[PDB]
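Shown next as structure tokens: one chain only, the form deposited in one PDB entry.
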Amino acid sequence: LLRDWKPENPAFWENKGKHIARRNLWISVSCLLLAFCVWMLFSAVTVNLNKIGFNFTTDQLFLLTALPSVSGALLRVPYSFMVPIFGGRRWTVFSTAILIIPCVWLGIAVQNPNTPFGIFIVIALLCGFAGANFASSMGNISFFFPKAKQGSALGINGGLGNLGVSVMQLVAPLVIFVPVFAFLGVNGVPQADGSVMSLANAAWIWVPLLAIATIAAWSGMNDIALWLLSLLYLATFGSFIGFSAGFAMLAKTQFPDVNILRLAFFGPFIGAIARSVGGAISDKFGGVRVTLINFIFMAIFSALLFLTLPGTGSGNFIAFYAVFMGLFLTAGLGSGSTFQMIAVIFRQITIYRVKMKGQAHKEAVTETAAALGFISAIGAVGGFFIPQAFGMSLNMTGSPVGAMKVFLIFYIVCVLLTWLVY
């Protein structure tokens, strides 16, 4: 617990602040990366479910992937209010450790083929908790920095939490296939290639990780003492997770033959780098300028992607996966850009309007870190919208399309709306 935090006296900073902040940064991402790992597990799990006992409709499966964001976006609200009640140390542990329960429970469900969908829904929701682990970690790493590095720092906390989805999607398809846990009696299905798929392994390698990090949060982590702008973030980040979630599912329903999980990780891994340097690009080379050029690419790829499917064009996958990388890159920058915009928009407002109308560089740095609540809570509604779109289309129709089209009109409408405030 800290008492005398003066981030802003260059000396306090140079000879101290820039040692503790840089430490607490390095723990916050851990407790985040991992949290995103957990949040988006029904990415790869939902795919491989049926290659075991399970036979869930491909509408149920999308839903599974789509369900975390429901509990996640609701929770993203209260989670802002948490650090300020319990602080950076204490909270970052609870909200991290609380995460083992669904993880363990899912390795368990998945090991039991006669286990009904309802249970997965409970689990899916319990995974959405890990999604709210960003309203906090965002509104916490702020008070560790000047307003000078409040930008860069929020960005490195930002774009490495989202590195988490990608890091699991590369890892968790792979550990299914090594008997890491069978010393616990974890069961598996012997595969065609003649190697056991043990799917609990995608849900259990997180456990120890989680624990180590929630123990690191228990050490080196310490404490301290216009609803439209959100609609854009939704557009530019809901696409990141929305496509992170209900994508690999989608590359199954379109190219059932490709071994997707071997390649789906790259999408977010692209889009995570893309969220990041997409604030520095936004500063030292534009800002509002970007978001449009950007949106008018999403729009592009959004439309384009109609071409790469089994029927319309030749069913080309190495086209489908080409384009989705576009869709990540883009959906990536903007989330970092319409986040940074939102931030100084909000810095200005409450620095200016509140202190020039009427300590404002106090009721604003600690207020920006708040208004990040509503924005990201809303901004996570995309990855419910998305996979659930896809699922539903494929249900009542038989294809994407009626999903791909609402997304298309989305970008357009957006590419359009930003012009009106240009």
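Numbers follow the displayed sequence, beginning with 1. What we label the rigid core is the largest C-alpha set whose atoms superpose within 1.5 Å from one form to the other.
- Unmodelled deposited residues between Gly358 and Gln359: 4 to 9, per the record.
- The segment from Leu174 to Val175 is modelled without interruption, since every residue of the deposited sequence in that interval carries coordinates.
- The stretch with the higher mean CA B factor, choosing between 209-217 and 254-262, is 254-262.
- Of the two stretches examined, 198-206 and 79-87, the record assigns the greater average C-alpha temperature factor to 79-87.
- Based on the entry's C-alpha B-factors, the most elevated value among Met341, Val122, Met138, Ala73 belongs to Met341.
- When the modelled residues of the chain are ordered by their C-alpha B factor, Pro68 lands in the lowest third.
- For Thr57, the recorded CA temperature factor ranks within the middle third of the chain's modelled residues.
- Ranked against the other modelled residues of its chain, the C-alpha B-factor of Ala377 as given in the entry falls in the middle third.
- Annotation for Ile27: C-alpha temperature factor in the middle third relative to the rest of the modelled chain, per the entry.
- Per the PDB record, residue ranking by Cα B-factor puts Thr92 in the middle third of the chain.
Just so it is clear, the following notes concern the form deposited in another entry, a form of the same protein that is not shown.
- In a core superposition between this form and the one not shown, the Cα of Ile342 is the only one among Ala124, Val83, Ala213, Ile342 shifting by 2 Å or more.
- Shown in the overlay between this form and the one not shown, fitted on the rigid core, is a CA shift at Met392 smaller than 2 Å.
- With the core held fixed, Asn48 shows a CA shift below 2 Å between this form and the one not shown.
- Remark: with the core as the superposition reference, the CA shift of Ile378 between this form and the one not shown stays below 2 Å.
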